[PDB]
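# Take these chains first, placed just as they are in the complex:
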Amino acid sequence: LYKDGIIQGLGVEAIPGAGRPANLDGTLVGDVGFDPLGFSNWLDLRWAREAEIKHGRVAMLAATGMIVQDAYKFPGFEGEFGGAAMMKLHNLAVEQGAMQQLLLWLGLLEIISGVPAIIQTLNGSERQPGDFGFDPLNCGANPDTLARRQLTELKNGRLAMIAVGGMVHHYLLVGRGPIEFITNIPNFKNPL
Amino acid sequence: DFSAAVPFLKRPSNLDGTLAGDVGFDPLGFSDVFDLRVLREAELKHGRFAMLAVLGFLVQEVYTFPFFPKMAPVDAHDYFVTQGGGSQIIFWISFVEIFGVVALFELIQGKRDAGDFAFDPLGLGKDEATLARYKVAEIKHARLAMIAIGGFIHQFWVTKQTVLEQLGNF
């Protein structure tokens, strides 16, 4: 574990002075020992991290998503969707079917890849939770490069999930898309 | 241990690797639930249907028989369900499929190989090595034609353009 006992691991404690959960020992990556509401006892940390990792992945795609969709609309998509972003885009996309095709293909991936893998992991398998083998670029040969990498995938991905939320919530109460939102800092001058 | 086709998934047990075109691809795992020989026969039969269908789709577009009127492939089924021919074709397919049932009963008792009917009328793949390569080529081409026939027909519905036409003008 990258920097075990330093950045992750037993010695660390997010809520120090509070005991590290009973089921939160060292091996799981991204374990600073933070399960305040004690889900660890009731949940399968396996499913848990399948979820965390999966979420963080779809959340990164999604965050970058929104940020880029506000700089460069693909022109064909742009013309069909009329410069509509985030919430409404989903509504209009869901019409052109863009969002319908995406649903079919991601669900097919899930039924082919996701569902079966989880079933195996929970039964018990060599595969780690979230361990699809996907690196065409086998970018990290080293186990060590890869530990730093897993920690970074979890954490970059958590900023991801917190921010996709911010993006969306801000968009509901204030009109602007995320690139737009920072500009026009106050955002209450115009509900846009 | 782990299927080469799906590395994160484990190798499906019944798919040892003896059958042609077996890359351990069975994510949902039907082989574990049913006889692999029956599934192999279904694969070969559907795929042979699809290979013939994919060829005929194009051969009809380039050339429709003069005694019959000229209709795009999909528009023809509705024509011949009345012309009469449709019945003749589906009739003969049923006739051959009754002996297909008999062959399936042989298959259940292990007296016949899956997707095998001793059809090498011209002794093409009579070499052991070749029959293997041909068996691999047959299963791939079948697996491809399964996709191709569906595309051809579904494209016609969404776009009234016999494939050759559509490809010509998108």
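Cool, got the structure. Numbers count the residues shown, from 1 in each chain, chains lettered A, B, ... in the order given.
# now the helices for chain A?
Chain-ordered helices for chain A, with DSSP state H as the definition, fall at A:45-69, A:75-81, A:87-96, A:98-109, A:115-123, A:143-173, A:178-182.
# Let me see the contact set for the residue nearest the centre of chain A.
For chain A, the residue sitting closest to the mean C-alpha position, by Cα atoms, centre = their mean, is residue A:56 at 1.4 Å. When contacts are counted by Cβ atoms under 8 Å, 6 or more residues apart in numbering or on different chains, residue A:56 is found next to A:153, A:154, A:156, A:157, A:158, A:160, A:161. (Each C-beta comes from the backbone N, C-alpha and C, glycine too.)
# if we can go back for a sec, can you redo the helices of chain A as CSV with distance to residue B:14?
Below are the helices of chain A laid out as CSV (distance: least, Cβ to Cβ, whole Å):
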stretch, distance to residue B:14
helix A:45-69, 26
helix A:75-81, 44
helix A:87-96, 41
helix A:98-109, 23
helix A:115-123, 15
helix A:143-173, 34
helix A:178-182, 50
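# Figure out which of those helices is closest to residue B:29.
With respect to residue B:29, and counting by Cβ to Cβ, the nearest of the helices of chain A is helix A:115-123 at 7.4 Å.
# Contact residues of chain A facing chain B?
Residues of chain A that fall close to chain B, judged by Cβ under 8 Å from any Cβ of the partner chain: A:111, A:112, A:113, A:116, A:117, A:120, A:125, A:126, A:127, A:131, A:132, A:133.
# Now, of these, which are buried?
If you count burial by 16 or more other Cβ atoms under 10 Å in any protein chain shown, the buried members of these come out as A:113, A:116, A:117, A:125, A:127, A:131, A:132.
# what about the residue lying closest to the fourth one once chain neighbours are set aside, neighbour count?
So that's residue A:125. The spatial neighbour of residue A:125 that comes closest, neighbours along the chain excluded (Cβ to Cβ, 6 or more residues apart in numbering or on different chains), is residue B:10 at 6.2 Å. Using other Cβ atoms under 10 Å in any protein chain shown as the criterion, residue B:10 is surrounded by 18 other residues.
# Any idea what residue B:10 is bridged to?
According to DSSP bridges, residue B:2 are recorded as the beta-bridge partners of residue B:10.
# what sits against it?
For residue B:10, the contacting residues are A:120, A:125, A:126, A:127, B:1, B:2, B:3, by Cβ under 8 Å, 6+ apart.
# Reformat the residues you listed into a markdown table and put distance to residue A:12 next to each item.
Shown next, in a markdown table, are those (distance: Cβ to Cβ, whole Å):
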| residue | distance to residue A:12 |
| --- | --- |
| A:120 | 31 |
| A:125 | 28 |
| A:126 | 27 |
| A:127 | 26 |
| B:1 | 35 |
| B:2 | 34 |
| B:3 | 38 |
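# just those residues now: which is nearest residue A:2?
When the contacts of residue B:10 are compared for distance to residue A:2, the smallest value, 20.5 Å, is given by residue A:127; criterion: Cβ to Cβ.
# who are the neighbours in contact with the closest one?
Residues counted as contacts of residue A:127 (Cβ under 8 Å, 6+ apart) are A:117, A:120, A:121, B:8, B:10.
# Here is chain C, add it in:
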Amino acid sequence: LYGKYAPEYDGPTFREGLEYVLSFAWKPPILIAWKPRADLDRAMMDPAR
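If we add chain C to the chains shown above, we get the following:
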């Protein structure tokens, strides 16, 4: 072979035979192919697979 051949017969009765032929529609051999994997269905299917 053997020119005229008469094959002695001691099998099922004629009534039983026509009942077998009736069995083609009453219980054909088609769907039994799709019964589950009959050796052991992987009763010891390893949890990993």
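# since we added chain C, can you redo the contacts of residue B:10?
Residues in contact with residue B:10, defined by Cβ under 8 Å, 6+ apart, are A:120, A:125, A:126, A:127, B:1, B:2, B:3, C:48, C:49.
# rerun that using 7 Å as the cut-off
By Cβ atoms under 7 Å, 6 or more residues apart in numbering or on different chains, the contact set of residue B:10 is A:120, A:125, B:1, B:2, B:3, C:48, C:49.
# Same question for residue A:84.
residue A:92.
# Helix or strand: which one has the closest residue to chain A within chain C?
Sorted by distance to chain A under Cβ to the nearest Cβ, the residues of chain C start with residue C:47, at 3.6 Å. In this structure, residue C:47 is located outside every helix and strand according to DSSP states H and E.
# how near is the residue nearest to residue B:20 when sequence neighbours are not counted to chain C?
Leaving out its chain neighbours, the residue that sits closest to residue B:20 by Cβ to Cβ, 6+ apart is residue B:135, at 3.9 Å. Distance, residue B:135 to chain C, by Cβ to the nearest Cβ, to the nearest Å: 21 Å.
# Count the neighbours of residue B:135 for me.
For residue B:135, the number of neighbouring residues by other Cβ under 10 Å comes to 17.
# hang on, it is in a helix, isn't it?
Yes: the assignment for residue B:135 (DSSP: H, G, I helix; E, B strand; the rest coil) places it in a helix.
# Roughly how far does it sit from residue B:33?
Counting by Cβ to Cβ, to the nearest Å, the gap between residue B:135 and residue B:33 amounts to 25 Å.
# Kindly report the same for residue C:13.
41 Å.
# Those two: which is more packed in?
With neighbours defined as other Cβ under 10 Å, residue C:13 and residue B:33 compare such that residue B:33 has more, 15 against 8.
# thought the more buried one was touching residue C:36?
Yes: Residue B:33 is in contact with residue C:36 according to Cβ atoms under 7 Å; the separation is 6.0 Å.
# anything in contact with each of these two?
Joint contacts of residue B:33 and residue C:36 (Cβ under 7 Å, 6+ apart) do not exist.
# Next up, the contacts around residue B:80.
With contacts taken as Cβ under 7 Å, 6+ apart, residue B:80 has the following neighbours: residue B:86.
# From residue B:89, how far off is it?
Taken as Cβ to Cβ, the span from residue B:80 to residue B:89 is 8 Å.
# try residue B:145
Distance, residue B:145 to residue B:89, using Cβ to Cβ: 19 Å.
# Tell me which helix or strand the most centrally placed residue in chain C sits in.
A centroid search over chain C (Cα atoms, centre = their mean) returns residue C:29, at 6.6 Å, as the residue closest to the centre. No secondary structure element spans residue C:29, as it lies outside all helices and strands (assigned by DSSP H and E).
# Check whether it really touches residue B:105, as I assumed.
Yes: at 4.4 Å, residue C:29 counts as touching residue B:105 under the criterion of Cβ under 7 Å.
# which parts of chain C sit against chain A?
For chain C, the contact set with chain A under Cβ under 7 Å from any Cβ of the partner chain comprises C:47, C:48.
# rerun that using 10 Å as the cut-off
In this structure, chain C approaches chain A at residues C:45, C:46, C:47, C:48, C:49, judged by Cβ under 10 Å from any Cβ of the partner chain.
# can you tell me which two in those residues are farthest apart?
Taking Cβ to Cβ as the measure, these reach their widest spread between C:45 and C:48, a distance of 9.4 Å.
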